[PDB]
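As a starting point, one isolated chain is supplied in structure tokens, in the form deposited in one PDB entry.
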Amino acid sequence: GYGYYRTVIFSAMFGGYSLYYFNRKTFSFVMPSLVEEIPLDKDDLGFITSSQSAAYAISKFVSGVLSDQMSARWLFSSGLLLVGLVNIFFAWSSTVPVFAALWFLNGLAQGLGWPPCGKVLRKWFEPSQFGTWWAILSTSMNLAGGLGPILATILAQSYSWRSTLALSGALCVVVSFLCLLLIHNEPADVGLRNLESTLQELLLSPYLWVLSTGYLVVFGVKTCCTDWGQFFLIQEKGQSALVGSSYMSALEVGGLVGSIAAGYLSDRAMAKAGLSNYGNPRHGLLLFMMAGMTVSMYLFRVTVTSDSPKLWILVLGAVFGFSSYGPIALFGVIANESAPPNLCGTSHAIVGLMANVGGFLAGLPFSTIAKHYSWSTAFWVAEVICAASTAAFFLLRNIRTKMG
């Protein structure tokens, strides 16, 4: 049955992705115990995390490019097995260089997880049910990250820090075999079906670069606000050290809610509306959320004094999180849906690369501008850039959409 097969594939995917993220964050989970056992300074942890991040970025781009030439099931299982083996080996090392070398292969293996999931979802689900399940897998990753630390410390205070990593690796290996056994690549491999534009022609379309610039701006603004909102609130507004934590929590909760709601409403709008070679039914929600993000930025910058109630700050944070985390999922869904049946990964790898460079831009120059002039000037610059981007995106709404 279609429902039975979809349920089985979805359950296996959910479990695999949750284990992926747990084993990504296990070192940060268990850091205090190994710090107590073998002392480390602040440089070693940063070096290890930096190596993992660089490996993750490079692998992610490469596996996104290559995911259209190899089977999704084998890619998923191999990545999970390598992640488990790397964790098991990490459990039996006691020197920084070996730690940092083992945490690089971890990023390389982690880069292989999502593109197979995206391809299987696209080939198994109808285009009117392809933003809901995307967001639900994102929430699977969120749930794994949220439930990680509590169980991690609960288990670590009981036995040790070395046993937890080995147990996680063994569980990853077992679940890798289970997912290999359970996941099906295509409906044709069972007896159903739910249904050429070379790379040179794909790269010669303007929609790809429009989406890349949109992702640039959205990710950069989100990173700027997430990284420096507490700093702005503490050093210029005059608030305490708990209002920042509450504002971050509200931002995260509102962002999760906004991602799910954006996916569902966009899928409903696409199902309701028709299809044509020009335009996209998913653009209205994207433009609305962009405008909401800009308005919330302006309100937070201007109408938050030293005597503002805490409820107002929480409301502003929630609204910005909603309107900033919706469009990210929308771009991720669109860059893969509005592509030929092949080259889906190659239509998303470039977008991820733009996200990385936008993160670097949100990191260094924003901080130096804030240090020199002020935080108000830096946030004003970010808001002006976002408003200009939104205006350009609205001006370029009805364009050649289907690339190829």
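In this text, residue numbers run from 1 along the sequence as written.
Keep in mind that the form solved in complex with a small molecule is missing from the display, and what follows is about it.
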Exercise for review: Evaluate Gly79 for contact with the small molecule in the bound PDB entry, applying a 4.5 angstroms cut-off between non-hydrogen atoms, and reply yes or no.
Suggested key: no
Review point. Looking in the bound PDB entry, any heavy atom of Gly131 within 4.5 Å of the small molecule?
Key: yes
Check your understanding: Heavy atoms within 4.5 Å of the small molecule in the bound PDB entry: does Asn336 have any?
Key -> yes
Practice item. Please check if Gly332 has a heavy atom lying within 4.5 Å of any heavy atom of the small molecule in the bound PDB entry. Key: yes
Exercise for review: Could you spot which one of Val30, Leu343, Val351, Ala378 gets a heavy atom to within 4.5 Å of the small molecule in the bound PDB entry?
Suggested key: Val351
Study note, to complete from the structure: Picking from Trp124, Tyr207, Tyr215, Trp103, the single residue whose non-hydrogen atoms come within 4.5 angstroms of the small molecule in the bound PDB entry is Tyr215
Point to revise | Full three-residue contact with the small molecule in the bound PDB entry, heavy atom 4.5 Å, for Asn23, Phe90 and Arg162 | key: no
Point to revise | Interface stretch in the bound PDB entry with the small molecule - options 351-359, 370-378, 33-41, 66-74, non-hydrogen atom within 4.5 Å | key: 351-359
Exercise for review: Quick one: in the bound PDB entry, is the Cα gap between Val253 and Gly145 smaller or bigger than here? Answer closer or farther; it shifts by 3 Å or more.
Suggested key: closer
**Study point:** Shift in CA distance, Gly131 and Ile399, in the bound PDB entry relative to the form shown here, given it is 3 Å or more
**Key:** farther
